[PDB]
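Participant: Chains as they are written, first to last, in the authors' numbering: chain Hq, 307 to 408; chain 7J, 98 to 151, 155 to 173, 212 to 242; chain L5, 2 to 37, 47 to 437; chain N1, 2 to 38, 47 to 437; chain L6, 1 to 426; chain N2, 1 to 426.
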Amino acid sequence: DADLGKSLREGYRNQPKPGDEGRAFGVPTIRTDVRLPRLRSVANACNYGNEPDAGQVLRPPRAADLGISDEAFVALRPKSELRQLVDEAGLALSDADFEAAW
Amino acid sequence: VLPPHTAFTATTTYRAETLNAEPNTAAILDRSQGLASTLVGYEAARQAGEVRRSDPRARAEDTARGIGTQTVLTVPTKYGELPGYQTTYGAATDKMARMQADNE
Amino acid sequence: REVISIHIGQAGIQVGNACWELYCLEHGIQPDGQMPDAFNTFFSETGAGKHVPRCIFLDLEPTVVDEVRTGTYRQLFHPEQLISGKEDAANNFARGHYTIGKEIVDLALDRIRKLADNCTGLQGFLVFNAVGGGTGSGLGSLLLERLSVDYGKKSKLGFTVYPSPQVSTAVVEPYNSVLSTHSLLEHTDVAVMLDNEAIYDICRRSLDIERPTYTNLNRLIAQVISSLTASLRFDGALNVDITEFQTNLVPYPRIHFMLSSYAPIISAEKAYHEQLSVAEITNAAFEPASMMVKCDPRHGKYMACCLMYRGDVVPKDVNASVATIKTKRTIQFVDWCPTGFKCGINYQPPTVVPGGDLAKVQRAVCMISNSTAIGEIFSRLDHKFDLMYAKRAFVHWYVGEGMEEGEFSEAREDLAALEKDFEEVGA
Amino acid sequence: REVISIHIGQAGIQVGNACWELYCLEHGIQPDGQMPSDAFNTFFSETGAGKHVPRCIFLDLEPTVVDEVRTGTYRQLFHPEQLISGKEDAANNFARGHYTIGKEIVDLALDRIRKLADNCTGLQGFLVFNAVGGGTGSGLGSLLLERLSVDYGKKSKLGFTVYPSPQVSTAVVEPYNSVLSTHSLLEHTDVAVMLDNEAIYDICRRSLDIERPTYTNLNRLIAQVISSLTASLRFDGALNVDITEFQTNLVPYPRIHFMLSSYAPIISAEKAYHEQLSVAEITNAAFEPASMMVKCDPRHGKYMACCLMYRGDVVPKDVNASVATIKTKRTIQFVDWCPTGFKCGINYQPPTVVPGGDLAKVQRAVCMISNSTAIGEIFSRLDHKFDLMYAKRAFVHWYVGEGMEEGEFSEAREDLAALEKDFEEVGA
Amino acid sequence: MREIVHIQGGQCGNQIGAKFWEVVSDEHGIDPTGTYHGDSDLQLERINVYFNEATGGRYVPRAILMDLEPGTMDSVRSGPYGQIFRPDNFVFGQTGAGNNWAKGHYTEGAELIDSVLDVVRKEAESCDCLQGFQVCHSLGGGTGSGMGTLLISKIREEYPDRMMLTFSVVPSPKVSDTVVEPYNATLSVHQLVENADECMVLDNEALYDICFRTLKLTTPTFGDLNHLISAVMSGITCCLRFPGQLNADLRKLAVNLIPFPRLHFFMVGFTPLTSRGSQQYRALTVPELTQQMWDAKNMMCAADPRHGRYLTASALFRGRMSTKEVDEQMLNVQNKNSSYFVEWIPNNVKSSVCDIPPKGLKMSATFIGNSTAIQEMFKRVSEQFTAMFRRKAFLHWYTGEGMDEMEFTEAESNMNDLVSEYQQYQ
Amino acid sequence: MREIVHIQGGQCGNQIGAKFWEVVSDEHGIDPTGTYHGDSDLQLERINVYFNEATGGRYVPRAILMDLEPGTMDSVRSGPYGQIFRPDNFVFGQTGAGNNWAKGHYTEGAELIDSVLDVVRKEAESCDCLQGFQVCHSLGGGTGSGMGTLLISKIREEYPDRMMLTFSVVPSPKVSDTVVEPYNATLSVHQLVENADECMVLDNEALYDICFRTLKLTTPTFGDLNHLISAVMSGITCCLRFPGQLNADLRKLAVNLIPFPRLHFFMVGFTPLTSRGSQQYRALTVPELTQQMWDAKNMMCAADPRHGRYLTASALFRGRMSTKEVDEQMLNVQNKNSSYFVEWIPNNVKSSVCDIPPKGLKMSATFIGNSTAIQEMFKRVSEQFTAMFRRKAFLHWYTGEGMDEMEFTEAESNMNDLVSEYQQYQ
Ligand SMILES: Nc1nc2c(ncn2[C@@H]2O[C@H](COP(=O)(O)OP(=O)(O)OP(=O)(O)O)[C@@H](O)[C@H]2O)c(=O)[nH]1
Ligand SMILES: Nc1nc2c(ncn2[C@@H]2O[C@H](COP(=O)(O)OP(=O)(O)OP(=O)(O)O)[C@@H](O)[C@H]2O)c(=O)[nH]1
Ligand SMILES: Nc1nc2c(ncn2[C@@H]2O[C@H](COP(=O)(O)OP(=O)(O)O)[C@@H](O)[C@H]2O)c(=O)[nH]1
Ligand SMILES: Nc1nc2c(ncn2[C@@H]2O[C@H](COP(=O)(O)OP(=O)(O)O)[C@@H](O)[C@H]2O)c(=O)[nH]1
Ligand SMILES: [Mg+2]
Ligand SMILES: [Mg+2]
């Protein structure tokens, strides 16, 4: 008979969906794979993605007092935007060294 | 006179389902994939589904509706549904199934 | 914040079929169950891109339950929630409360307990049932019994479909209804009364549909529930949760039986026809022609009214409309309550369902009130109940199941005490 | 760190067949016995070059299943010298398995386990697999435990024994066999893990709704439980324990060692996809009676010491919160003289699935090992059905003709009664 | 899930059951070989209520054919769909009763009832959730009435909690097919009034009247009458087999229709029945169905219902329909005809709707009435019983086998008290 | 490893053994020329339990024939699979017992039993580890009864610690083939109760009843009866020859079945048994096998199991099966029929599962019960023995050869106290 070891009913079958042969069916404790909310609410007991470590918030970088969040640094940025940031600040570095660092 | 012949085919459970687990499970779960939960219990339904498996749009509405025509192979079918049978749940969820098939 | 739903009986789970379809359309969740914080009050988010409802369908005859299971919403409700029995109670309150009761209520509670464990800020329970049948009556009352003894302090909103005076389909539904009330009086915290023939009149007069079915009735009930919960679901100018309902609408602990109404009950061509604004919709939400239970509110006095406005509504004109309603002499209030209004405003307008008979409108009003029309309904039911009980008809089924006469007499005298209570309070 | 495994009887070695497949899948060893491209060191000793042999001995009296394994595809994994096969079955006779045929194969078993331990370096302890209902697993198992205890004595012996179910059974004299087994299981092994058949049947019927489950599913689930137990040794974790913390924390008195086991989440693919999986609800699932390896009602007993292994993506904060919630809950009651009755543990590697199995891969899992008195109720239930048969002297003549007598029956019965009084006394 | 097992007793019962299984097989889409070839899976979804799966989709009915004459079995096998029955279930004697209640209930019973109980016990334990048994027979024959009646009594002893339907065809003086019709029917109903949970009453005169007037058939053979009865059976059991807005199972209908324990005899009708000439010209509406439903001459018993009052009525509708239309029609038909309904029971009508109509039709309806009109038929048969018993005519063929006088006196007394209580509640 | 050697006694025993060897050879895939032609490796695994390799793929059965007339040897040589046997196991006398127990146990035994013991010894220590002996014979004849039982006594004396299955067909008054059947049977069973380890009780009446009711055959010949018995033998020994999920060899079967040393006469049956007409209308499930297993009409003994109580029962299953289903099936059948099972023993049913069903089937089973009903058959033969011994009819053929009245007295005492023990434990 067909139902000798399995369930074979569509509600409780063991065969995963065809899109993903193997994926951890569960809720991760970090919840990285979620659209970041437009405006974070007052009370949220779950974190999203890149939150600073306790040590880094204990010994903060300098711009944290000015109001730049730690994530703004690690955020990926384009060539023209970073070039404009360099020009607007007083880096005063030439194009050759700029291309090297980029 | 003795019976003509009968081949020996039965394998032991150890050789069957703890050494060929992948092919065994593949065949078992391939036997019944499109059938409904309340419908899969019947071997006639399973055979009908296998033969049926043996139009992408029509497949979309079929898989969206779910319990419409899983075991089909008089009354002619219309473009949307079958004259003789039209359940109230289907009448209510026709539009949802249509939009789901469109999205698919 | 969250409130969880239990649907008892063939009528209850069809009402829920309408309700959850409406919720998914309103929150943008496809039937498969995944989007392409407001949802948190009804859907818990699992996995990656998937939301599952906070509901429990329960019934004894499996036909409707597995109809739901194998319909289009196969993916939405996963089968661990759709509790199903083996045989119906056959509209027998004794069968549904004493014979089949103890083998399904334990599973119902063992699932509801872990849904409650999953949820965090549980506002309360909302149960959908009809007291005419046996399954909705018997094990529904048992479930209320056990939820009360298990929680006690949590709010329970029971939406109950009471039998109509003349338009009826059952025979022993008076027995079933009084047996339901004997526990629904003392256990549920907010009971909302609904009728079938009244909604038939509403849909015949407003949507001018001459052949209505249960689908339209369920769609309208779902609209009412959504309008009542939208204040908790979304932000508004003056938003109101579960608790003020109890605080403001229940003057005394034994009087919680609320009438409902909704406006504009309108079609597409008639929405093209008429201008819909706050004054006229408030006026339309008070005549008996738009009452969800067939009874005359003119015969009684309004103890308290609650008005939810959805859509483009502003406090000035809702205050003007309620002032006009108070000044109108046709409907009279109770002297012991000088201020008897509870208003609420929500910004997101009511949504429509494809294939539905309603049209999208700028704003809508849901009214819930206390009166003595419910009291006269109870007496009308009691008369036809005692008419049957005089000949001891159909009592042999219940007594053979295991019921007896003492509790029939107890229900009769309890309802007599209830009608006396309305009579004394209304003065 | 190493631990060796001995499998005595049909049930024990079938559970081992599941277990070793699961271990090879976990450690990435093909069934031939080599690793294509140190954690394995607890089970597999790397011999020469490109080989990994398990630290295991399957031994049994009948040769059927043993040479079935020999002819199977795991021929290159276990070479045919560790597979010890007799000639004739103990035939579900404790006397036959402990006096007649046991005396001949036990010497070779000791001589093989001796060189296994010699090749090992940091032997943590032993682990034995058997079901006390049969003849071999009862008699030969008890004799082997006695010899191992007189040989080593100070090393812990994890005995994972399967008792007969209350209502579901396949033998007739298995009450006799179980009583005679417990006579030495009480006083030789250090930690005894209890298992039944119909409890797992109900688990597969409820969660996995396998209406027609075979022994292979039960063996796979037990193998997953053992893997969850051994994960702390095999891989590093945030809060790790070896087998010694079990021996210390999980036993309050030298005789009270009978631990209930549980696993979660035993769930299928789309059901797992449906449910939101976190720490609190799996901790809740680990405590209701509907998810225990042994059919007993813990509501009638009071807990005494419980331990919770967690595998996968689990932090200490939420498990601490879950333990606090469980302690505050009033349905389950701990004993008064134990204020701190909880011991947790966390490991970083999630459970691994076996292809063709009935389980889906999951971010995190929980294995529970706990103490109660429902085990004492089980023992009393078994004792009553022993006494009912023993009153009429049924089936005694087989043992008598084998060479055993009435004295050991009397002694085992009074020992079980003493254990009953001990459980009832400690419960107060 | 819910399980109904079928029993066919006697010649008329066997033929009726053969037609019943023909129509049910056609409804569920399984060919006379037993293989499914239907159109919708809604047919598969509830085939387990009547069928068992043997080998490779070989679906066999859950029915037991039982008689004392090989001719009926030969005819059943000769006819189409006669090859779907399990040959083991053809439990069968050899000597025959010969229209003798004593022979069917005391002599041949002693050697056939044990085998039929064994087979029915096997077939009832083979199922999971038993719902009820349904037995098709007569009250005038010998091996159909007495033997099937003893079968009913033994079944009720063994399973006192399960559902039971008794489809009984009864005689009338105008069509008196045998000579001992009252002698048999009195004892048969004497046992039924305490044994069966409810009995639905049929007769051939009403069927002939229906076929003559409404159907306008020229030669209404027994096949057409059996077809009508089988259609009624399908209507009364469609609620389990197909979904609808408002489902009513057998127990639900019983508790709705039976006010007092002894009042469990019903009269049934089917709609629509249109002549083939007038089929084309006639509309299809809920009032259309109700008009032919409440036609007092559309009833299938020789008890004209307007000669009394209705206690309870039940309407099983099949097709896509409006509940507001249905219950407004019921309210109208109950309000306008006030005198024909009992006064101390409001809303004397129970309605149920199923979405799946019979094949080839758009809307159908089965009407079941529990009224006091059947007291006329019962008095009509008891009068003949007393008239024949007065000289003890033909009584010695019954006394010479095990009967005495007091059983007949008790049967007369029970007829008298039952008709008296109908008269009381009238 | 484990070994079973076969002995065939008398005409009936020789025919039964010939059919048994044919069935076994078909199962193991060896053609009647003694060469192997099987396909699956599962056949090679356990062909040492019944066969020996001689040279070049020649497999010879491990059997010994013993009789007194050349007709049986010629009949078994002429038929198929007759040339596979061993000419020196064709040990053979010449006179003929003439249906005389005294002649078979004292006259021809004294000159043939030395030779049969020599050959059975040779074959017995030809192998490594004997599991048991297997002797097939009758209890009414002369050659198979007397000489066979003396052979049993000799084997018990020489090997005391091996299993021994004796497949004995017993007589009945309804089918009497000789007039001294109770005389022979009483002495045979008197020797068996003290020497035999366990006997499988068979009789022709129940086999004929099975072939009439279940098989629905018209000509149930001796070949058919012997085929049924051979199938039962293969079923009971299947565990030693094929692997299973829960293995059960002969010795554990004995220790599970026998509660007291004297109670070793077991009643046996086989499933499934279906007719050619009804094979297509039947399912193949564990409950389907179980309902036929525990049926009384499946039994191959003339003793009603419901007339007493079951002390123990065992069920061998063959096929890929759900051990859970097997367990709760036995549990449910035991709880339902609680009165028919003994009370002071819980879990009266021992069930075993093997993964190899018989060729061409999907799922098969063998039932072995040790119940107290066989005391009826023992009283049945005891009354006949007393009736003829009351005036010493037919006795001088025994007295004049060496038999004395004392032996008959002890045989009667043994029958009386054996049935007394059955009645005591019932
Ligand atoms: N509003 C509304 N009421 C319904 C619907 N379906 C049934 N009802 C009401 O339900 C009452 C009877 O209950 P049932 O539908 O039989 O369900 P139940 O209460 O569980 O009773 P059971 O038949 O014993 O299961 C009737 O009086 C109807 O008025 C529906 O779809 N919508
Ligand atoms: N969980 C589980 N239990 C089993 C399995 N096989 C047998 N058992 C149990 O083992 C008990 C008896 O022991 P057996 O496995 O039959 O083998 P044994 O202990 O060596 O006894 P013998 O067979 O006589 O040698 C039975 O009661 C079964 O419940 C299995 O595959 N899985
Ligand atoms: N509807 C219908 N009634 C039948 C048929 N054959 C016989 N009858 C009725 O059965 C009654 C006689 O029953 P009878 O055949 O003697 O029952 P028996 O004892 O089984 O032989 C008559 O009044 C007939 O009206 C048939 O084919 N169809
Ligand atoms: N089943 C079966 N029984 C047989 C067969 N031949 C004889 N018998 C039985 O054997 C009994 C008599 O045994 P008998 O032939 O006298 O043995 P003998 O002493 O060797 O001649 C009779 O009661 C028969 O029923 C056979 O071919 N098959
Ligand atoms: Mg219902
Ligand atoms: Mg074993």
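Idealized CB from N, CA, C, for every residue including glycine.
Using DSSP bridges, identify the partner residues of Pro61 (chain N2).
Facilitator: As a first step, residue 61 (chain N2) must be located in the sixth sequence, where it is residue number 61. BP columns for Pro61 (chain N2) point to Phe51 (chain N2).
Participant: Spell out the partners DSSP gives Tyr161 (chain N1) in its beta bridges.
Facilitator: Taking the first residue of the fourth sequence as position 1, residue 161 (chain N1) is located at position 152. In the DSSP output, where bridge partners are listed per residue, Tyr161 (chain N1) has none listed.
Participant: Can you give me the C-alpha to C-alpha distance between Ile384 (chain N1) and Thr239 (chain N1), rounded to a whole angstrom?
Facilitator: The sequence position of residue 384 (chain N1) within the fourth sequence is 375, counting from 1. The sequence position of residue 239 (chain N1) within the fourth sequence is 230, counting from 1. In a straight line, the C-alpha of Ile384 (chain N1) is about 24 Å away from that of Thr239 (chain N1).
Participant: Which first and last residues belong to the alpha helix (DSSP H) in which residue 479 (chain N2) is found?
Facilitator: Outside the displayed range of chain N2 (1 to 426) lies residue 479 (chain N2), so it cannot be described from this structure.
Participant: For the stretch 102–119 of chain 7J, which residues have a CB atom closer than 8 Å to at least one CB atom of chain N2, in sequence order?
Facilitator: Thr103, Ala104, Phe105, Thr106, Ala107, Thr108, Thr109, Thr110, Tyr111, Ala113
Participant: Report whether the distance from the Cβ of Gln11 (chain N1) to the nearest heavy atom of ligand 6 is below 6 Å.
Facilitator: In the fourth sequence, counting from the first residue as 1, residue 11 (chain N1) sits at position 10. Under cutoff, so the answer is yes.
Participant: Starting from the N-terminal side, write out each stretch of the alpha helix (DSSP H) that is 4 residues or longer and does not extend beyond the stretch 161–237 of chain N1.
Facilitator: Within the stretch 161–237 of chain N1, the complete alpha helix (DSSP H) runs of at least 4 residues are 183–194, 207–215.
Participant: Hey, how far is the Cα of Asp177 (chain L6) from the Cα of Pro171 (chain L6)?
Facilitator: The residue you call residue 177 (chain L6) lines up with position 177 of the fifth sequence. The residue you call residue 171 (chain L6) lines up with position 171 of the fifth sequence. Taking the straight line from one Cα to the other gives about 8 Å.
Participant: Using the Cα positions of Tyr262 (chain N1) and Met302 (chain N1), report the straight-line distance between them to the nearest angstrom.
Facilitator: Taking the first residue of the fourth sequence as 1, we reach residue 262 (chain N1) at position 253. Taking the first residue of the fourth sequence as 1, we reach residue 302 (chain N1) at position 293. Rounded to whole angstroms, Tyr262 (chain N1) to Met302 (chain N1) spans 23 Å at the Cα level.
Participant: If you scan the stretch 323–386 of chain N1 from start to end, which runs of the alpha helix (DSSP H) of 4 or more residues do you find wholly inside it?
Facilitator: 325–337
Participant: Which stretch, first to last residue, makes up the alpha helix (DSSP H) that contains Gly134 (chain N1)?
Facilitator: Within the fourth sequence, numbered from 1, the residue matching residue 134 (chain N1) stands at position 125. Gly134 (chain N1) -> not in any alpha helix (DSSP H); beta strand (DSSP E) instead, spanning 132–140.
Participant: Please list, in chain order, the chain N2 residues whose beta carbon lies closer than 7 Å to that of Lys96 (chain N1).
Facilitator: Along the fourth sequence, read from residue 1 onward, the residue named residue 96 (chain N1) stands at position 87. Simply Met1, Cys129.
Participant: For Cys305 (chain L5), which three-state DSSP category applies?
Facilitator: Here residue 305 (chain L5) corresponds to residue number 295 of the third sequence, with the count starting at 1. Residue state, collapsed to three classes: coil.
Participant: What's the C-alpha gap between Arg390 (chain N1) and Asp199 (chain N1)?
Facilitator: For the purposes of this step, residue 390 (chain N1) is taken as the residue at position 381 of the fourth sequence. For the purposes of this step, residue 199 (chain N1) is taken as the residue at position 190 of the fourth sequence. One Cα belongs to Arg390 (chain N1), the other to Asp199 (chain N1), and the distance between them is close to 23 Å.
Participant: Report buried or exposed for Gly218 (chain 7J), applying the criterion of at least 16 other Cβ atoms within 10 angstroms of its Cβ.
Facilitator: The residue you call residue 218 (chain 7J) lines up with position 80 of the second sequence. Classification for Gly218 (chain 7J): exposed.
Participant: Do the stretch 392–401 of chain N1 and the stretch 155–170 of chain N1 make contact, defined as three or more Cβ pairs closer than 8 Å?
Facilitator: no
Participant: Mind checking if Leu126 (chain 7J) is an interface residue toward chain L6, Cβ cutoff 7 Å exclusive?
Facilitator: Here residue 126 (chain 7J) is taken as the residue at index 29 of the second sequence, counted from 1. By this cut-off, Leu126 (chain 7J) is not an interface position.
Participant: What three-state label does DSSP hand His28 (chain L5) in the structure shown?
Facilitator: Here the question's residue 28 (chain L5) lines up with position 27 in the third sequence. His28 (chain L5): helix per DSSP, three-state reduction.
Participant: What is the residue span of the beta strand (DSSP E) that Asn348 (chain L6) lies within?
Facilitator: Along the fifth sequence, read from residue 1 onward, the residue named residue 348 (chain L6) stands at position 348. Taken as a continuous stretch (DSSP letters only), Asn348 (chain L6) belongs to no beta strand (DSSP E), as it is neither H nor E.
Participant: When you measure from the CB of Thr145 (chain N1) to every non-hydrogen atom of ligand 6, does any distance come out below 6 Å?
Facilitator: Against the fourth sequence, residue 145 (chain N1) aligns to sequence position 136. Indeed, a heavy atom of ligand 6 lies less than 6 Å from the Cβ.
Participant: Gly10 (chain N1) touches chain 7J at which residues, Cβ-Cβ below 7 Å?
Facilitator: The residue given as residue 10 (chain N1) occupies position 9 in the fourth sequence. Neighbours of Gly10 (chain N1) on chain 7J: none; closest Cβ ~16 Å, over 7 Å.
Participant: With DSSP as the reference, label residue 436 (chain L6) as helix, strand or coil.
Facilitator: As displayed, chain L6 neither begins before 1 nor continues past 426, which places residue 436 (chain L6) out of reach and without an answer.
Participant: Less than 7 Å between CB atoms is the rule here; does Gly328 (chain Hq) satisfy it with respect to chain 7J?
Facilitator: To locate residue 328 (chain Hq), count along the first sequence from 1; it is residue 22. Nearest CB-CB separation between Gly328 (chain Hq) and chain 7J: not below the 7 Å threshold.
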